[PDB]
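# Coordinates in review
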Amino acid sequence: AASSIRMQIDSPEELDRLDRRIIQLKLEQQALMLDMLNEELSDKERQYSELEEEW
Amino acid sequence: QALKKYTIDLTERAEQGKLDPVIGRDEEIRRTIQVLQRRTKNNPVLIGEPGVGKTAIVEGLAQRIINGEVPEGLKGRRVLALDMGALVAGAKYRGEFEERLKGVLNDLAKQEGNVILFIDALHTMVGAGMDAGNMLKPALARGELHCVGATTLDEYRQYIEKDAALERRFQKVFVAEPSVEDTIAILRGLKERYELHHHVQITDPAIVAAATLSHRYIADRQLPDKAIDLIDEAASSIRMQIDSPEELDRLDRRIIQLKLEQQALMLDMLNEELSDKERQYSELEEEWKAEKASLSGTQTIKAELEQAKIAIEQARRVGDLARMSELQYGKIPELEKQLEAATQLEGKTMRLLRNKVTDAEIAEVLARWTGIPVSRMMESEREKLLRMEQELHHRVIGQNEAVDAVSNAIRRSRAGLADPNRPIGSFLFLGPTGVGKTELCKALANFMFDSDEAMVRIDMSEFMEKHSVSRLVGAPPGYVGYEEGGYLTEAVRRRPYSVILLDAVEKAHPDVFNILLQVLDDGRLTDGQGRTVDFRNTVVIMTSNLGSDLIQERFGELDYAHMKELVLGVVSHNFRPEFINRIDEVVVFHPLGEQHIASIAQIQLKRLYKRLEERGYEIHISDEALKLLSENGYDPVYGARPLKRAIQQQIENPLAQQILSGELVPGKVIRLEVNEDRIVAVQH
Ligand SMILES: Nc1ncnc2c1ncn2[C@@H]1O[C@H](COP(=O)(O)OP(=O)(O)OP(O)(O)=S)[C@@H](O)[C@H]1O
Ligand SMILES: Nc1ncnc2c1ncn2[C@@H]1O[C@H](COP(=O)(O)OP(=O)(O)OP(O)(O)=S)[C@@H](O)[C@H]1O
């Protein structure tokens, strides 16, 4: 149980969801080079940076 | 640096792509990570049956280390598999082997726990050269050495929990056999791997049929290994079927035959026939080369697609930006669409050939692994199987009921409708003496294999004591007959799809019936060594004669079902209730009547004709002599054998008498016409 809590502290899920989302939208925005995705990606990067600093 | 000398860097092979995509297994990899970070017991050992992907799960842990799905304390570790081989390959002197091994251990202490060591075959590791693993012992539970074990189920019980000196180190990780659909999920990342090596395409119905039929029928080995075996071996089957052809062989033999014929004739016409067949041969050769070139281009471009996927995972580890969108949205969909253009092109052009792997291929490959007809219905075996009643009545004349029940049992096992928790049919042949019980079982053996003596016929009347269970099942370990094992639990583990006759079962001592309860409950049977044999492809038939007085008394003027219930109560007096609760169908015979005995007389006279035709004496018979046999070889108390040995006596004694006399020359037809009482053999 100590190892389980050590894993859940040291390693989060929403950060993985946000990182996959920003790299996927980075793929799409690099493909499109209509956009709107600079703005969406900037919002999700700001949210990711906030959650990262809180972590 | 001995680390570069005698270790396999699995992180190197993980980054180089020399490993395999591990699918699922999040729970067990997570529990391995748990045991890797404790205070004491910092050495997980994996416990699984042999062939459930233990090394695969360790390499999947290694790829999650590379991909960074681990906690931060494991980010940057090194996975080193200890090379057993190169250490031994130069050893000559006193402990120079262990000198190298101790140098590697001092280098691991130098690496200060930043290297996660992995040594599989842990039961072999404990003695491999103070010998090989108890040099290590203080460094294990102190944060110095973190060797990760991975070893077999029984050998864990051999060399680990018995050797309790190191037992406060390692931890059980029961790597279970994954289910059917999980193995389907495994192969859908390994379908793509096996298509680079066998140059053929694999179809998803074949994968789901491979997983299901492997999990049901091959009971020695286990998932996920056996499904991989079926897929790989059927890929080899289709690779060979492509790599031949057949019409080229026909045309080549024909043109070299007509070439020799025309060269002999040097009327002709064979210059013209030869030129026509040579043009046909050139056409088929050019079509064959075109199909080979088509498959070559398809496989090269599919390998290009796979290397594109490998390079884009390399970029995902690296993190280039335009390379990602470039490789993805350029390379992947255009190679997929021209790969499928090649797929429909091969759907157009492959005529001569099966480019792909169907589920019938898995059926054939499995049917050569065991013998169970998982093969689809051809014309021969299907028409042979539909006339089951006519075949068994053209050996076992008489006894409609058991033939009906047995025919229905084997049909319900070929069509798949049989429960895979019980055997195909557990039968209990009651009835009086001499009425074709053992010949019904020989009739099934001669239908199923085309052989009378191809059935595990264990007579039960050798089992009249308490060491009889040691005879049939096996001998417990460390005794005299440990090396051979039993006669039943070995003669089925070789040959699954067979018939197991237990003749005269009531004469045996009832702990043998405890063993038969274990058989008809599980289908797996435990021997002295320990491993079990799946009896769910066999047909256990037990004969007896327990109700002989009651059936010979009362089967006349009584119905069928109440007779079955009455003699079943008699059996409940003899057997156990939990035993005969576990029987498919207790078919109960009837004594043989006159028309039946006339037919049995005709069968025995036919086999006598075959014997004296191999001897070289053709024999006709008058039907009055058949009536003499019917009136001498008939009585209800004994069944059919008075007929057989009355035939033996009254025919064969004057006949073989005169054949030894030299009176009867071969060539003429012996007419067995009647005497006033005897049967004379005449020559005319
Ligand atoms: N999760 C998985 N993902 C992909 N392939 C797998 C997976 N599990 C097993 N396999 C395959 O099954 C094979 C089993 O390899 P091994 O781990 O060597 O087998 P094993 O269970 O370790 O038995 P031994 O002792 O090593 S012979 C692997 O090499 C893979 O091809
Ligand atoms: N319908 C039948 N067709 C052919 N042979 C038969 C038939 N019924 C009986 N027999 C003969 O019966 C003989 C006795 O064989 P068995 O099967 O051993 O006798 P059973 O009546 O089935 O019972 P037991 O206990 O084995 S003596 C065989 O040699 C067969 O030739």
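Everything here concerns the structure above.
Let me sum up the structure you'll find in this document. Chain by chain, residues are numbered from 1 following the written sequence, and this numbering need not agree with the entry; no residue without coordinates is displayed. Think of it this way: whatever chain is written first is A, whatever ligand is written first is 1, and the rest follow in order. All reported values concern the displayed chains, which form part of a larger assembly. Side-chain metrics in this entry use all non-hydrogen atoms of the structure; hydrogen atoms and water are not considered. Residues with missing side-chain atoms are left out of burial classes, side-chain pairs and their counts.

## Observations concerning the interface of chain B and chain A
Keep this limit in mind: The criterion used for residue contact is that any of the two residues' heavy atoms lie within 4.5 Å. The working definition used for a salt bridge is a side-chain nitrogen of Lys or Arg within 4 Å of a carboxyl oxygen of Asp or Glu. Between N or O atoms, a polar contact is any pair within 3.5 Å; within protein, one atom must be a potential hydrogen donor and the other a potential acceptor, and residues adjacent in sequence are included only when both atoms are from side chains. Helical segments are the DSSP runs of H or I of at least four residues, strand segments are the runs of E of at least two, and each set is numbered from the N terminus.
Across the contact, 15 residues belong to chain B and 12 residues belong to chain A. Remark: the boundary between chain B and chain A carries 0 salt bridges. Between chain B and chain A we count 5 residue pairs in polar contact in total. Put simply, the parts of the chain that give the side of chain B that touches chain A at least two residues each are α2 (26-36) and α15 (322-349) of chain B. Looking at the side of chain B that touches chain A, the element that brings in the most residues is α15 of chain B, giving 5 residues.

## Topic: the packing of aromatic side chains
All names here are of chain B. Using the following cut-off: When two rings of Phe, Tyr or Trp (its six-membered ring) have centres within 6.5 Å they constitute a pair, described as stacked for plane angles under 30 degrees, edge-to-face for angles over 60, and tilted for the intermediate range. The buried label applies to any residue whose accessible area, calculated with a 1.4 Å probe on protein chains only, is under 20% of its type's maximum; exposed applies above 50%, and partly exposed to all values in between.
Scanning all chains against the criterion turns up 6 aromatic pairs over all chains. Between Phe449 and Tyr497, the ring centres sit 6.3 Å apart and the planes meet at 80°, which makes this aromatic pair edge-to-face. Taken together, the residues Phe449 in the loop between α20 (438-448) and β10 (456-459) and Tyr497 in the loop between α22 (488-491) and β11 (499-503) connect sequence positions 48 residues apart. The class for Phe449 is partly exposed, based on a relative accessible area of 27%. Residue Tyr497 is classed as buried on the basis of its relative accessible area of 7%. On the numbers, 4.8 Å between centres and 45° between planes, the contact of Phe513 with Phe575 is tilted. Of this pair, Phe513 sits in helix α23 (residues 511-521) while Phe575 sits in the loop between α25 (561-574) and α26 (577-580), and the two are 62 residues apart along the sequence.

## Notes on the sheet that holds β11 of chain B
Residues and elements named next belong to chain B. Quick reminder of the rule: Strand pairing is assigned whenever DSSP identifies at least 2 bridges connecting the two strands. Fitted lines through C-alpha atoms serve as axes, helices being fitted only where they are in contact, and the angles separating the N-to-C directions of these axes extend from 0 to 180 degrees.
Taken together, the 4 strands give an open sheet; going across it, the order is β9-β14-β11-β10, and neighbouring strands pair in parallel fashion. The open sheet terminates on both sides in strands that have one partner only, identified here as β9 (427-429) and β10. Mean inter-strand twist for the sheet, computed between neighbouring axes without regard to direction, equals 20°. Alignment of β11 against strand β14 (residues 539-543), held across 4 bridges, turns out to be parallel. Paired with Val499 across the strands is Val539, a residue of β14.

## Structural notes on the site of ligand 1
Residue and element names in this part refer to chain B. Counted only if it meets this: Note on terminology: near, applied to a residue and a molecule or strand, indicates that one of the residue's heavy atoms is within 4 Å of it. All accessible areas in this document rest on Shrake-Rupley with a 1.4 Å probe, and a residue is counted as covered only by the protein chains that are shown.
Taken together, 14 residues are adjacent to ligand 1, and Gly51, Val52, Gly53, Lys54 and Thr55 come closest. Note that an oxygen atom of ligand 1 is positioned 3.3 Å from one of the backbone N or O atoms of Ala56. Its free accessible area being 630 Å², ligand 1 has 70% of it covered by the protein chains.

## Topic: the side chain of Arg64 of chain B
Residues and elements named next belong to chain B. Residue placement: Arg64 occurs in helix α3 (residues 54-67). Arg64 sits in the buried class, given a relative accessible area of 17%. Setting aside anything within four residues of it in sequence, one finds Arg64 in contact with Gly24, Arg25, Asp26, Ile29, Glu69 and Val70.

## Some details on the pairing of β10 of chain B
Residues and elements named next belong to chain B. Burial of β10 is one-sided: the residues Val456 and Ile458 facing one way are buried, the residues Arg457 and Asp459 facing the other way are not. With 4 bridges joining them, β10 and β11 adopt parallel strand pairing. What sits directly across from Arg457, in β11, is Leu501.

## Details of the side chain of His393 of chain B
Relative to the elements of secondary structure, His393 of chain B occurs in helix α18 (residues 388-393). In this view, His393 of chain B contacts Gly398, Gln399, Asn400 and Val403 of chain B; residues no more than four positions away in its chain are not counted.

## Details of unusual backbone geometry
Residues and elements named next belong to chain B. With an omega dihedral of -5°, the bond running from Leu223 to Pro224 counts as a cis peptide bond. With respect to the element layout, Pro224 can be found in the loop between α11 (204-217) and α12 (225-242). For the peptide bond that leads from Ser244 to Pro245, omega is -15°, which places it in the cis range. By secondary structure assignment, the location of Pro245 is in the loop between α12 and α13 (247-265). You will see that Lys41, though not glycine, has its phi angle at about 55°, which is positive.

## A look at the sheet that holds strand β4 (residues 115-120) of chain B
Either a parallel or an antiparallel arrangement is found when strands of a sheet pair, and the pairing is made through backbone hydrogen bonds. Residue and element names in this part refer to chain B. The strand order across the open sheet built from 6 strands is β1-β3-β4-β5-β2-β6, with neighbouring strands paired in mixed fashion. With partners counted over all chains shown, the strands left at the sheet margins are β1 (7-9) and β6 (170-174), one partner each. For this sheet the average axis-to-axis angle between neighbouring strands, irrespective of direction, equals 25°. Where β4 and strand β5 (residues 148-152) come together, 3 bridges link them in parallel fashion. Looking at the pairing, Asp120 lines up with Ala150 of β5. Packing against the sheet, α2 makes contact with β2 (43-48), β4, β5 and β6, and its axis sits at approximately 150° to β2.

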